[PDB]
Amino acid sequence: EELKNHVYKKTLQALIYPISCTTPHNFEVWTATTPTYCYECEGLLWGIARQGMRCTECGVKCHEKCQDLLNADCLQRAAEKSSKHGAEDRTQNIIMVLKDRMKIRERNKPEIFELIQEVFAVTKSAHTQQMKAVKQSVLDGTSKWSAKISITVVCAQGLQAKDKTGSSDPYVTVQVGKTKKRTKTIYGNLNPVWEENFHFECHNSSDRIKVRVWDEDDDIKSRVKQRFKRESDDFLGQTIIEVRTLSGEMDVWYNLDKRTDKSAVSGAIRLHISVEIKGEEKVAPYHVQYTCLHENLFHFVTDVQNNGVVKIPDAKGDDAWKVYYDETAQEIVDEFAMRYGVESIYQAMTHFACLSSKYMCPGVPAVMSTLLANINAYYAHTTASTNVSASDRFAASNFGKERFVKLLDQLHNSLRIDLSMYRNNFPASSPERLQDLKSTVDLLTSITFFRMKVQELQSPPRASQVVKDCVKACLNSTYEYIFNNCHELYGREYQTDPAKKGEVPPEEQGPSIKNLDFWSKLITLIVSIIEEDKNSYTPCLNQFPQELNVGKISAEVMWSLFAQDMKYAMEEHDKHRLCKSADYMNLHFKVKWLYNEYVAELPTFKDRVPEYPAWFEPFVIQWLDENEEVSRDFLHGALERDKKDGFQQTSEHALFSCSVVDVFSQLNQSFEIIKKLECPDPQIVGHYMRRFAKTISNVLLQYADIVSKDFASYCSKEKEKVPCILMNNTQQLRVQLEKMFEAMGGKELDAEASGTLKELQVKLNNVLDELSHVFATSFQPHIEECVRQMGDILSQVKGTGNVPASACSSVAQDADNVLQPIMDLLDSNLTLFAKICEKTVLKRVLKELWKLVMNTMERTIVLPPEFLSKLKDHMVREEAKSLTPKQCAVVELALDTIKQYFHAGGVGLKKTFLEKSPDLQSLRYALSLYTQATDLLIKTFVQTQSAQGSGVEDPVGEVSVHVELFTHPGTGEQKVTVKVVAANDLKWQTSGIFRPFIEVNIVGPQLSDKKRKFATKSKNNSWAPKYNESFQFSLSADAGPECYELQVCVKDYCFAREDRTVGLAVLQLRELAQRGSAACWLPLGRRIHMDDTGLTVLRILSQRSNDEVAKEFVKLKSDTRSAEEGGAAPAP
């Protein structure tokens, strides 16, 4: 309180006689009427050469250059001068002008003295009496003011350089009126420390302490300059402290001022000044008094007048930060400050300290930010001509550097705290609180900038980061809040039934294992918060657009917190599985959406494959399973409907039945769900796809199987359409499966899923082939019956150039008659199938039917097994009747017609398949044999019967031959020398005289003109008869040795009886074509061993029963061992 009361008396004294209505000095040019020293610089005013200015009113005398340094009040100076010259009437007249000025002041502005009175809580009476007392204290002039002054010159900082060295030798002169003293000199230092105390007696508060800093030039140039100018010691700067601005024990940095235009000046001087004023002992410094005034006035204005509200003054321009109050309150502090030397920056740092307590109050952070940007700009920028850091210039603050640093730190912390609950503390529902939030951050920036610029701090906590942390802290607390209040918030903000808006349990305004609804609701609240941050707070907090986006930070933190929680929750749900598959899928869609809407695009998570699908995968897999069962049970339903409906084709162009459509619909529904998940993890997708491909495979094979199992039962004659439809179903599976394979990404599908479906497609292709075969097979008995009827008709056609006109009916008409049984079948069925079968189904059916027809015709018509019996075999002495040229024709034409039928003008099988058909080629081959020439048949026999030259089985002896093929050295024909050496092991211990001889026969083409047979002599009673007899066949010239074979026959010579065949051996002359000559022991057989073509050629040749070559060939091949004396039938 003791300071409060004194500050009140001083403030009344200040404002009763304010500086703003001090009288100006009326300076006449004056020639000094006595040897005079300038009241400001103490230079000799004398004569015309050292004229000064004399103020008429105050009789202060100064140089012209000094008249403006005289801030001394003209009226007080006048009262003093008048006193020091003994002019008492003038003194009293000035005391009367001083009284009238104080009466004017009270009359004009009583509200000042009233506001002082209220700010200091003084009574109107004690105010009026103190007012009378301070009026007298001003009218004491300075005749009744005196002081002792103790001036410790502490230091200067940042002085100018004036020496040849680029430094200075600073010393200080302190002058107080009549007395001049000097510090010792500090050499070479721009930041000198003196710490030197002078004592002075001051009889006049309008004296001025002239503290002049000088460079001590003792040199010749100084001794020269001394003649012309009174300040030889090259002037470094001054401070001119008005003695009215002294109070108690002061400790003050004074910036140094320019005395003259040639003065370069920089830096400050710290002066510790104790002043012992008469009637004002032990008073506080005017800085401390001003602080006390400003604090009381602030607490009065804010708390007492405005109930706590900080009334921001209407103030504009670069001096707005110097306006703290309304006019009256402003004039109080300004007149106090101006009268008592309190610099504007001190006033500001003080008011900033006041505002720092009320920083929560509306608009204050803007004012404070502005004020601090000015305080910043002051210390940071002012005068680059200084050689001192902003931090050191700020260490010369009379507010105290430390104090302001601490003040800013406390404030910065208070701002950090409030920003750590920014949503609550600055609700979006108040734009003004959003603007205070904005200005709270702008103040935090201004503080950080002040730390960076004024304090020159190397690493201040970066404002953007500090705020980002605050935002994180708030977001955490927000997250907690919503995470504790979820149902209330959601109920209120979104729920369309009011009965659901209320207080659902804390465990459901928080997580539940029984239901996901908390999470759904939490997501919508997270969205609401992220949107509020995006929409309200991000525009609000745009100060660091490249470093702070509140919507991004909100999304990141909220998703992070949510994601950790959700991940634990999904893990927990994965254990319990109390909610349904569908619910987790819906949650998955929501989380997917949330993520993809707000999170996917944040750099932090565009940088990743999203992890949330891994939470849901177990649930999607469970769903895929459930879906498989549902699919397989649906399938049996779908099939049972279709089966009961007898498999109607869906329509006359949808050649498949309905169950296909049902099933693929079910599959497609199932697939589309998965596909809509769009799971961003390709391995989880591969897993889903593998899982699902199995589903597909299982279902579709089970379809194919159910069909395949019943298929044969439908292949009966009344339901021909149903097999076609089932084949079309099957094929429609293949088609829809290719669609589905492609819909599953085709080439972009996972390798095992793709493999599975390619497998499935090949299996299904094969099912269709089997079904096509099973179908074609139900026609086989009819095709056989038909082809037997075609055979019954063709038997009536023979070699008809010598037969009646119903069978010498044209080759065409006989072909048509022959075909009629099968064309009744074919035309109807192939035209029906061509309609009701899909084109893939039709082609497969047709191949299976074509083969079946060709083979049936080959077997039943061209090579009927009874033609073994009727001229291959022994059964009937008939000529069999060959396929006659006319019946070879007719058949070849029936076949071209069948081929045209199966071609169906391109609707059936390609002409190319039909022509290349091995079935047709085989049929043509057998046919070609029936007309072929005797020699060509015989050549064919030798070339085909290759196995008649690789070991007789069950031999009846053997023959040693030596054989020399001569590509006859005399002709280039071939001749065959055959030395019959011996026989051995003849199984012929006979019922008589055995008389073996060896017939040798050559066989092959073109032998009609040639000796086909030789024989050895006979040998009596000899199972090992030697012969040593050499024969010489001629071959043709044309046919090579490979067209020929020797046939070696042992016979028992039997006059009266018949010469019994003992045995037979074949030697292929192809071998001899390499060997040139061969010794060989031919094993003897009972009959020659044959293939189908030997036996076919033989039954053909036997029909040529007038051709002598054929007769002898047939006879020769049809020779077998007359069984007896050693056995009947051989092995091949």
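Residues numbered from 1 in each chain as written, not as in the entry; some residues may be left out. Heavy atoms only, no water.

Under the annotation held in the PDB entry, the chain carries the name Protein unc-13 homolog A and is attributed to Rattus norvegicus. Quoted verbatim from the Cofactor field of UniProt, the annotation for the chain is "Ca(2+)". (UniProt positions renumbered as here; feature names shortened; annotations may be inferred.)

> I'd like a description of the sheet that holds strand 6 (residues 147-157), backed by residues and values.
If you trace the 4 strands from one edge of the open sheet to the other, you get 9-6-13-12, paired in antiparallel fashion. Strands at the two margins of the open sheet, each flanked by one partner only, are strand 9 (193-202) and strand 12 (248-255). Strand-to-strand, the axes of this sheet are offset by a mean angle of 20°, without reference to chain direction. Across 10 bridges, strand 6 lies against strand 13 (residues 268-277) in antiparallel orientation. Within the sheet, the bridge partner assigned to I151 lies in strand 13 and is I273. (Pairing = 2+ DSSP bridges. Helix = DSSP H or I, 4+ residues; strand = E, 2+ residues; numbered from the N terminus. Axes fitted to C-alpha atoms, helices over the stretch in contact; angles between N-to-C directions.)

> Please set out the layout of surface pockets residue by residue, giving values where relevant.
Reported here for the largest pocket is a volume of approximately 1,100 Å³. Looking at the largest pocket, it is lined by 50 residues, and the ones nearest its centre are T239, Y254, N255, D257 and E343. For the lining of the largest pocket, the secondary-structure elements that each account for two or more residues are strand 11 (235-242), strand 12, helix 8 (327-339), helix 9 (344-357), helix 10 (364-381) and helix 11 (390-395). Grouping the amino acids of the lining of the largest pocket by side-chain chemistry returns 21 nonpolar, 19 polar and 10 charged. Each of domain 1 (2-139) and domain 2 (147-277) gives at least three residues to the lining of the largest pocket. (1 Å grid on protein atoms, 1.4 Å probe; cavity = no way out; pocket = protein on both sides within 12 Å on 5 of 7 lines; lining within 4 Å. Points joined across faces, edges and corners; volume = space filled by probe spheres on them. Nonpolar A, V, L, I, M, F, W, Y, C, P; charged D, E, K, R; others polar. Domains from an automatic or database assignment.)

> Could you give me a rundown of a positive patch on the surface, with the residues and numbers involved?
Residues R50, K65, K229, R230 and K262 make up a contiguous surface patch of positive charge. Judged by relative accessible area, which is 79%, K262 ranks as exposed. (Patch = residues over 30% accessible without salt bridge, like charges linked within 9 Å, V, L, I, M, F, W, Y side chains within 5 Å. Areas by Shrake-Rupley, 256 points an atom, 1.4 Å probe, with all protein chains shown as cover. Salt bridge = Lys/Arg side-chain N within 4 Å of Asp/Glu carboxyl O. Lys, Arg positive; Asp, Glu negative; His and termini not counted. Charge placed at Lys NZ, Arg CZ, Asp CG, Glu CD. Buried < 20%, exposed > 50% of the residue type's maximum accessible area, 1.4 Å probe, protein only.)

> A description of unusual backbone geometry should follow, citing residues and the corresponding values.
Phi at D954 takes a positive value of approximately 50°, unusual for a residue other than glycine. With respect to the secondary-structure elements, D954 resides in the loop between helix 32 (934-944) and strand 14 (958-967). Its identity as a non-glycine residue notwithstanding, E1125 has a phi of 65°, on the positive side. Tracing the sequence through the fold places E1125 in the segment after helix 35 (1108-1117).

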